$ cat protein-v1.cif   # mmCIF, C-alpha atoms
data_protein
#
loop_
_atom_site.label_atom_id
_atom_site.label_comp_id
_atom_site.auth_asym_id
_atom_site.auth_seq_id
_atom_site.Cartn_x
_atom_site.Cartn_y
_atom_site.Cartn_z
CA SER X 36 0.00 0.00 0.00
CA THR X 37 1.05 3.57 -0.73
CA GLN X 38 -1.13 4.78 2.13
CA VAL X 39 -0.34 2.87 5.34
CA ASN X 40 2.36 0.74 6.94
CA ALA X 41 1.86 -2.95 7.66
CA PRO X 42 3.92 -5.61 9.43
CA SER X 43 6.79 -6.91 7.29
CA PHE X 44 5.32 -10.43 7.38
CA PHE X 45 2.18 -9.25 5.66
CA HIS X 46 1.94 -9.58 1.91
CA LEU X 47 -0.99 -8.81 -0.35
CA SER X 48 -0.68 -12.19 -2.01
CA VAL X 49 -2.75 -13.67 0.86
CA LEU X 50 -5.72 -12.01 -0.85
CA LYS X 51 -5.27 -14.11 -4.01
CA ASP X 52 -7.74 -16.94 -3.43
CA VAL X 53 -10.09 -15.35 -0.94
CA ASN X 54 -13.69 -16.30 -1.48
CA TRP X 55 -15.57 -13.18 -0.55
CA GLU X 56 -18.46 -14.78 1.23
CA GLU X 57 -19.13 -15.10 4.95
CA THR X 58 -17.54 -18.25 6.37
CA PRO X 59 -20.33 -20.71 7.26
CA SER X 60 -21.05 -21.50 10.91
CA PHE X 61 -20.49 -24.99 12.30
CA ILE X 62 -21.06 -26.72 15.62
CA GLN X 63 -18.26 -27.81 17.88
CA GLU X 64 -19.27 -29.31 21.21
CA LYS X 65 -22.79 -27.97 20.86
CA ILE X 66 -21.82 -24.34 20.25
CA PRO X 67 -21.72 -22.26 17.08
CA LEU X 68 -18.33 -21.35 15.63
CA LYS X 69 -16.93 -19.41 12.69
CA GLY X 70 -13.63 -20.14 11.01
CA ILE X 71 -11.68 -23.14 9.80
CA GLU X 72 -12.78 -26.50 11.16
CA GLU X 73 -10.14 -28.41 13.10
CA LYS X 74 -7.83 -25.41 13.07
CA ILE X 75 -8.96 -22.04 14.35
CA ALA X 76 -12.35 -20.42 14.88
CA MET X 77 -14.17 -17.75 16.84
CA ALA X 78 -17.51 -17.90 18.63
CA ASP X 79 -20.32 -17.20 16.20
CA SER X 80 -21.08 -13.83 17.70
CA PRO X 81 -22.56 -10.83 15.87
CA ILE X 82 -19.96 -8.25 14.87
CA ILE X 83 -21.19 -4.67 14.87
CA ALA X 84 -19.01 -2.06 13.17
CA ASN X 85 -17.48 0.41 15.63
CA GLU X 86 -18.44 -1.64 18.67
CA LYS X 87 -15.75 -3.32 20.75
CA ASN X 88 -16.85 -6.92 21.27
CA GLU X 89 -15.01 -9.49 23.34
CA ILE X 90 -15.11 -12.66 21.29
CA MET X 91 -13.89 -16.04 22.38
CA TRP X 92 -11.34 -17.62 20.04
CA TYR X 93 -10.78 -21.37 19.83
CA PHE X 94 -7.58 -23.20 18.89
CA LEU X 95 -8.89 -26.46 17.48
CA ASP X 96 -5.63 -27.53 15.88
CA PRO X 97 -4.02 -30.17 18.18
CA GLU X 98 -0.68 -29.07 16.72
CA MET X 99 -1.22 -25.30 16.97
CA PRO X 100 2.15 -23.59 16.51
CA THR X 101 3.66 -21.68 19.43
CA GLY X 102 3.94 -17.87 19.29
CA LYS X 103 2.23 -14.52 19.62
CA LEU X 104 -0.99 -14.37 17.60
CA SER X 105 -1.45 -11.72 14.92
CA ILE X 106 -4.59 -10.74 13.07
CA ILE X 107 -4.40 -8.49 10.02
CA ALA X 108 -7.75 -7.50 8.50
CA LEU X 109 -8.75 -6.14 5.10
CA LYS X 110 -12.15 -5.05 3.94
CA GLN X 111 -13.52 -6.39 0.68
CA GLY X 112 -12.10 -4.30 -2.14
CA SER X 113 -9.33 -2.86 0.03
CA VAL X 114 -5.53 -3.09 -0.19
CA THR X 115 -5.20 -1.29 3.14
CA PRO X 116 -4.51 -3.66 6.06
CA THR X 117 -5.59 -2.76 9.56
CA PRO X 118 -5.31 -4.16 13.05
CA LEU X 119 -8.40 -4.99 14.98
CA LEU X 120 -7.20 -5.79 18.46
CA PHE X 121 -8.32 -3.46 21.25
CA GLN X 122 -6.99 -5.32 24.24
CA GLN X 123 -7.73 -4.58 27.90
CA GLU X 124 -9.43 -1.20 27.34
CA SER X 125 -6.55 -0.01 25.16
CA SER X 126 -7.17 3.10 23.11
CA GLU X 127 -4.90 1.70 20.38
CA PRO X 128 -5.59 -1.09 17.88
CA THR X 129 -2.84 -3.75 17.89
CA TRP X 130 -1.78 -6.34 15.30
CA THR X 131 -0.63 -8.92 17.79
CA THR X 132 -1.60 -10.39 21.16
CA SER X 133 0.78 -9.67 24.03
CA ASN X 134 0.51 -13.29 25.08
CA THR X 135 2.06 -16.38 23.52
CA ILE X 136 -0.26 -19.22 22.52
CA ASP X 137 0.51 -22.92 21.94
CA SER X 138 -1.19 -26.33 21.51
CA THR X 139 -2.41 -26.19 25.13
CA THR X 140 -4.05 -22.75 25.03
CA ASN X 141 -7.28 -24.06 23.54
CA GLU X 142 -9.23 -20.83 24.02
CA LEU X 143 -8.61 -17.10 24.36
CA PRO X 144 -10.86 -14.01 24.59
CA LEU X 145 -10.08 -11.22 22.15
CA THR X 146 -11.70 -7.81 22.00
CA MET X 147 -12.17 -6.69 18.41
CA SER X 148 -13.59 -3.81 16.43
CA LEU X 149 -14.08 -3.26 12.67
CA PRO X 150 -14.34 0.32 11.34
CA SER X 151 -17.21 -0.23 8.88
CA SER X 152 -19.90 -2.72 7.91
CA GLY X 153 -19.32 -5.29 5.19
CA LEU X 154 -17.15 -8.33 4.54
CA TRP X 155 -13.68 -8.47 6.08
CA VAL X 156 -11.00 -11.11 5.64
CA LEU X 157 -9.06 -12.03 8.76
CA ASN X 158 -5.44 -13.06 8.06
CA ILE X 159 -3.98 -15.01 10.95
CA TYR X 160 -0.30 -15.40 11.84
CA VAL X 161 1.46 -17.19 14.64
CA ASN X 162 5.01 -16.28 15.51
CA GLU X 163 4.88 -14.06 12.39
CA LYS X 164 4.24 -17.05 10.12
CA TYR X 165 1.02 -17.26 8.09
CA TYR X 166 -1.46 -19.70 9.64
CA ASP X 167 -4.81 -19.27 7.94
CA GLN X 168 -7.52 -16.81 6.96
CA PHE X 169 -11.31 -16.52 6.89
CA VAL X 170 -14.06 -14.03 6.08
CA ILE X 171 -16.52 -12.52 8.55
CA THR X 172 -19.42 -10.08 8.26
CA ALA X 173 -19.68 -6.81 10.13
CA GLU X 174 -23.14 -5.34 10.51
CA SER J 36 -12.24 6.03 8.17
CA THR J 37 -14.32 3.14 6.86
CA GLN J 38 -11.14 1.27 5.99
CA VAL J 39 -8.80 1.09 9.00
CA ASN J 40 -8.80 1.42 12.78
CA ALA J 41 -7.04 4.27 14.55
CA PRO J 42 -6.37 5.11 18.20
CA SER J 43 -9.43 6.54 19.96
CA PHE J 44 -7.57 9.81 20.65
CA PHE J 45 -7.16 10.44 16.95
CA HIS J 46 -9.69 12.62 15.19
CA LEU J 47 -9.69 13.81 11.61
CA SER J 48 -10.28 17.37 12.72
CA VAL J 49 -6.51 17.71 13.26
CA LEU J 50 -6.30 17.89 9.46
CA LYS J 51 -8.40 21.08 9.35
CA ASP J 52 -5.71 23.77 9.18
CA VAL J 53 -2.80 21.80 7.84
CA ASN J 54 -0.70 23.75 5.39
CA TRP J 55 0.41 21.15 2.91
CA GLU J 56 3.93 22.33 2.40
CA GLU J 57 7.17 20.93 3.79
CA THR J 58 8.00 22.48 7.17
CA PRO J 59 11.01 24.79 6.73
CA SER J 60 14.35 23.83 8.29
CA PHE J 61 15.89 25.93 11.05
CA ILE J 62 19.12 25.89 13.03
CA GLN J 63 19.30 25.00 16.67
CA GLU J 64 22.75 24.87 18.22
CA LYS J 65 24.38 24.79 14.80
CA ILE J 66 22.42 21.82 13.46
CA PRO J 67 19.51 21.61 11.04
CA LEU J 68 16.08 20.72 12.41
CA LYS J 69 12.56 20.20 11.12
CA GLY J 70 9.42 20.81 13.13
CA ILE J 71 8.04 23.43 15.48
CA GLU J 72 10.57 25.85 16.95
CA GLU J 73 10.81 25.85 20.73
CA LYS J 74 8.59 22.78 20.94
CA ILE J 75 9.42 19.62 19.06
CA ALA J 76 11.54 18.84 16.01
CA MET J 77 13.47 16.09 14.27
CA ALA J 78 16.92 16.17 12.72
CA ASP J 79 16.73 17.47 9.17
CA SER J 80 17.48 14.10 7.66
CA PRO J 81 16.33 12.85 4.24
CA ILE J 82 13.31 10.55 4.43
CA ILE J 83 13.21 7.86 1.77
CA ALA J 84 9.94 5.98 1.30
CA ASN J 85 10.17 2.33 2.36
CA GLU J 86 13.53 2.79 4.08
CA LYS J 87 13.78 2.50 7.85
CA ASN J 88 15.74 5.53 9.04
CA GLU J 89 16.75 6.21 12.62
CA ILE J 90 16.08 9.89 13.16
CA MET J 91 16.96 11.88 16.22
CA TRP J 92 14.02 13.71 17.78
CA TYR J 93 14.43 16.81 19.94
CA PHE J 94 12.17 18.02 22.75
CA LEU J 95 12.76 21.76 22.74
CA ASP J 96 9.80 22.63 24.92
CA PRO J 97 11.13 23.31 28.47
CA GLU J 98 7.68 22.28 29.71
CA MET J 99 7.28 19.15 27.58
CA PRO J 100 4.40 17.10 29.01
CA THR J 101 5.12 13.71 30.55
CA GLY J 102 3.91 10.52 28.82
CA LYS J 103 4.40 7.98 26.06
CA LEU J 104 4.90 9.64 22.68
CA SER J 105 2.56 8.86 19.79
CA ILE J 106 2.93 9.72 16.13
CA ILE J 107 0.01 9.29 13.75
CA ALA J 108 0.75 10.04 10.09
CA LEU J 109 -1.46 10.81 7.11
CA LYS J 110 -0.44 11.31 3.53
CA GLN J 111 -1.65 14.36 1.66
CA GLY J 112 -5.14 13.65 0.37
CA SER J 113 -5.64 10.70 2.71
CA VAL J 114 -8.14 10.06 5.53
CA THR J 115 -6.33 6.85 6.43
CA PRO J 116 -4.03 7.23 9.46
CA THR J 117 -0.99 5.02 9.86
CA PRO J 118 1.75 4.41 12.38
CA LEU J 119 5.32 4.92 11.40
CA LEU J 120 7.32 3.59 14.30
CA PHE J 121 9.51 0.54 13.63
CA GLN J 122 11.34 0.30 16.91
CA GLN J 123 14.31 -1.93 17.69
CA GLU J 124 14.14 -4.06 14.52
CA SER J 125 10.43 -4.69 15.05
CA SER J 126 8.54 -6.14 12.11
CA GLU J 127 5.45 -4.18 13.20
CA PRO J 128 4.72 -0.46 12.91
CA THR J 129 3.66 1.08 16.24
CA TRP J 130 1.72 4.26 17.09
CA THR J 131 3.47 4.91 20.36
CA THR J 132 6.92 4.72 21.93
CA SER J 133 7.37 2.13 24.67
CA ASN J 134 9.21 4.70 26.73
CA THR J 135 7.83 7.66 28.66
CA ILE J 136 9.26 11.10 27.88
CA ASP J 137 9.27 14.28 30.00
CA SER J 138 10.86 17.77 30.22
CA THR J 139 14.26 16.18 30.94
CA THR J 140 14.37 13.75 27.99
CA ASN J 141 15.62 16.38 25.55
CA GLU J 142 16.42 13.93 22.76
CA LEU J 143 15.35 10.49 21.55
CA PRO J 144 16.18 8.35 18.48
CA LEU J 145 13.19 7.03 16.55
CA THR J 146 13.26 4.65 13.61
CA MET J 147 10.64 5.59 11.05
CA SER J 148 9.36 4.50 7.67
CA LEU J 149 6.77 6.01 5.29
CA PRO J 150 5.06 3.74 2.72
CA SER J 151 5.20 6.11 -0.26
CA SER J 152 6.79 9.33 -1.48
CA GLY J 153 5.04 12.67 -1.05
CA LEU J 154 3.96 14.99 1.74
CA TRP J 155 2.93 13.50 5.08
CA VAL J 156 1.58 15.25 8.14
CA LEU J 157 2.89 14.02 11.48
CA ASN J 158 0.35 14.33 14.32
CA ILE J 159 2.04 14.18 17.70
CA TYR J 160 0.47 13.16 21.01
CA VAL J 161 1.88 12.85 24.49
CA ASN J 162 0.05 10.78 27.06
CA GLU J 163 -2.71 10.49 24.43
CA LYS J 164 -3.24 14.26 24.37
CA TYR J 165 -2.66 16.23 21.16
CA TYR J 166 0.64 18.12 21.25
CA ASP J 167 1.40 19.42 17.78
CA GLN J 168 1.77 18.52 14.11
CA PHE J 169 4.04 19.24 11.15
CA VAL J 170 4.56 18.24 7.53
CA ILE J 171 7.55 16.37 6.11
CA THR J 172 8.56 15.19 2.65
CA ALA J 173 9.29 11.61 1.73
CA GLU J 174 11.38 11.04 -1.37
#

$ encode --input "protein-v1.cif" --output "structure tokens"
Amino acid sequence: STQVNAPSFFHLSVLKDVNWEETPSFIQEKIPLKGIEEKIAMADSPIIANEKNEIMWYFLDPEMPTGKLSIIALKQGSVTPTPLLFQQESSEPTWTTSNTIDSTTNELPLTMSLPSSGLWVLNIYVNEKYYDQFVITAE
Amino acid sequence: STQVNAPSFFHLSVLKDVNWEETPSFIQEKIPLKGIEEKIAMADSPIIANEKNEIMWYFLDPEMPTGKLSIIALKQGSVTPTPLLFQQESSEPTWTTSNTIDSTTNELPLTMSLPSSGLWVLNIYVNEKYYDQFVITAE
């Protein structure tokens, strides 16, 4: 992007095969989840633009890599990446959790906010290495 | 912005009276400086887009407020704020220094990078309160 900075581990090429449709919900242990089955997902909770929402994240992958977790978001039709973490009443959006996750973390609450309504792709990194991605809807 | 998140203390209204011209250099103690005289300035060093450059910052204000220092940048013609700090070989751009400055700090080295060439306004906050702003040129 000519307009903003992004982490050095972020490349636009992750956008290449994105299917711009909301990721379908699925049930894990009787509760609704959104994301990639058997890998990573968040609680199927409604996301309202410009509203900080604490959403439980789930690390389904039994071999989840160790490291800090990063989430880099882009709106549909955008080449401008943005952070969505607003941790612990912070006034600043952060790319990366302060805590380190691993195969034993299982679950972690993250407070998120998206600046406008529409489809957003969530690019996920662990220890600065690309992990996966999925699309969510902000109302 | 509909496209990215920004710190809650950042408002677009800081753009209102910006004069979109490079801030003129001035001499302080025999060395060239860019910024606001008697307040805050950086060494007059060439800024090359997409090149991390460690630039010495100077706190001229004898009553410089105490707090972490934030810099929020916007390119000319942009409503999309971005961080420019790349501290201590970090792969991530940060809004805010990890260290707290005060009236006795005087000087501090900051490593910066701008994503594209042109005029950029630098909005400066201390302890999350607006301090000042000035325009620089990236080549």

$ interface_residues --input "protein-v1.cif" --of "chain J" --to "chain X" --cutoff "9 Å" --atoms "only C-alpha atoms" --output "MDAnalysis selection string"
chainID J and resid 36:44 108:110 113 115:119 125:131 148:152 163

$ write_last_selection --input "protein-v1.cif" --atoms "C-alpha atoms" --output "PDB file, in the frame of the given file"
ATOM      1  CA  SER J  36     -12.240   6.030   8.170  1.00  0.00           C
ATOM      2  CA  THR J  37     -14.320   3.140   6.860  1.00  0.00           C
ATOM      3  CA  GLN J  38     -11.140   1.270   5.990  1.00  0.00           C
ATOM      4  CA  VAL J  39      -8.800   1.090   9.000  1.00  0.00           C
ATOM      5  CA  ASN J  40      -8.800   1.420  12.780  1.00  0.00           C
ATOM      6  CA  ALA J  41      -7.040   4.270  14.550  1.00  0.00           C
ATOM      7  CA  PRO J  42      -6.370   5.110  18.200  1.00  0.00           C
ATOM      8  CA  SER J  43      -9.430   6.540  19.960  1.00  0.00           C
ATOM      9  CA  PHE J  44      -7.570   9.810  20.650  1.00  0.00           C
ATOM     10  CA  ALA J 108       0.750  10.040  10.090  1.00  0.00           C
ATOM     11  CA  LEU J 109      -1.460  10.810   7.110  1.00  0.00           C
ATOM     12  CA  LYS J 110      -0.440  11.310   3.530  1.00  0.00           C
ATOM     13  CA  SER J 113      -5.640  10.700   2.710  1.00  0.00           C
ATOM     14  CA  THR J 115      -6.330   6.850   6.430  1.00  0.00           C
ATOM     15  CA  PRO J 116      -4.030   7.230   9.460  1.00  0.00           C
ATOM     16  CA  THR J 117      -0.990   5.020   9.860  1.00  0.00           C
ATOM     17  CA  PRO J 118       1.750   4.410  12.380  1.00  0.00           C
ATOM     18  CA  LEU J 119       5.320   4.920  11.400  1.00  0.00           C
ATOM     19  CA  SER J 125      10.430  -4.690  15.050  1.00  0.00           C
ATOM     20  CA  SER J 126       8.540  -6.140  12.110  1.00  0.00           C
ATOM     21  CA  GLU J 127       5.450  -4.180  13.200  1.00  0.00           C
ATOM     22  CA  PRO J 128       4.720  -0.460  12.910  1.00  0.00           C
ATOM     23  CA  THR J 129       3.660   1.080  16.240  1.00  0.00           C
ATOM     24  CA  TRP J 130       1.720   4.260  17.090  1.00  0.00           C
ATOM     25  CA  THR J 131       3.470   4.910  20.360  1.00  0.00           C
ATOM     26  CA  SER J 148       9.360   4.500   7.670  1.00  0.00           C
ATOM     27  CA  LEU J 149       6.770   6.010   5.290  1.00  0.00           C
ATOM     28  CA  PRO J 150       5.060   3.740   2.720  1.00  0.00           C
ATOM     29  CA  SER J 151       5.200   6.110  -0.260  1.00  0.00           C
ATOM     30  CA  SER J 152       6.790   9.330  -1.480  1.00  0.00           C
ATOM     31  CA  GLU J 163      -2.710  10.490  24.430  1.00  0.00           C
TER      32      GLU J 163
END

$ residues_around --input "protein-v1.cif" --residues "residue 165 in chain J" --least-positions-apart "5" --cutoff "10 Å" --atoms "all atoms listed in the file" --output "count of residues only"
9

$ atom_distance --input "protein-v1.cif" --atom1 "CA of residue 82 in chain J" --atom2 "CA of residue 107 in chain J"
16.3 Å

$ atom_distance --input "protein-v1.cif" --atom1 "CA of residue 173 in chain J" --atom2 "CA of residue 47 in chain X"
23.0 Å

$ resolve_selection --input "protein-v1.cif" --expression "the PyMOL selection byres ((chain J and resi 58-66) around 8)" --output "PyMOL selection string"
chain J and resi 56-57+67-70+72+78-79+169-171
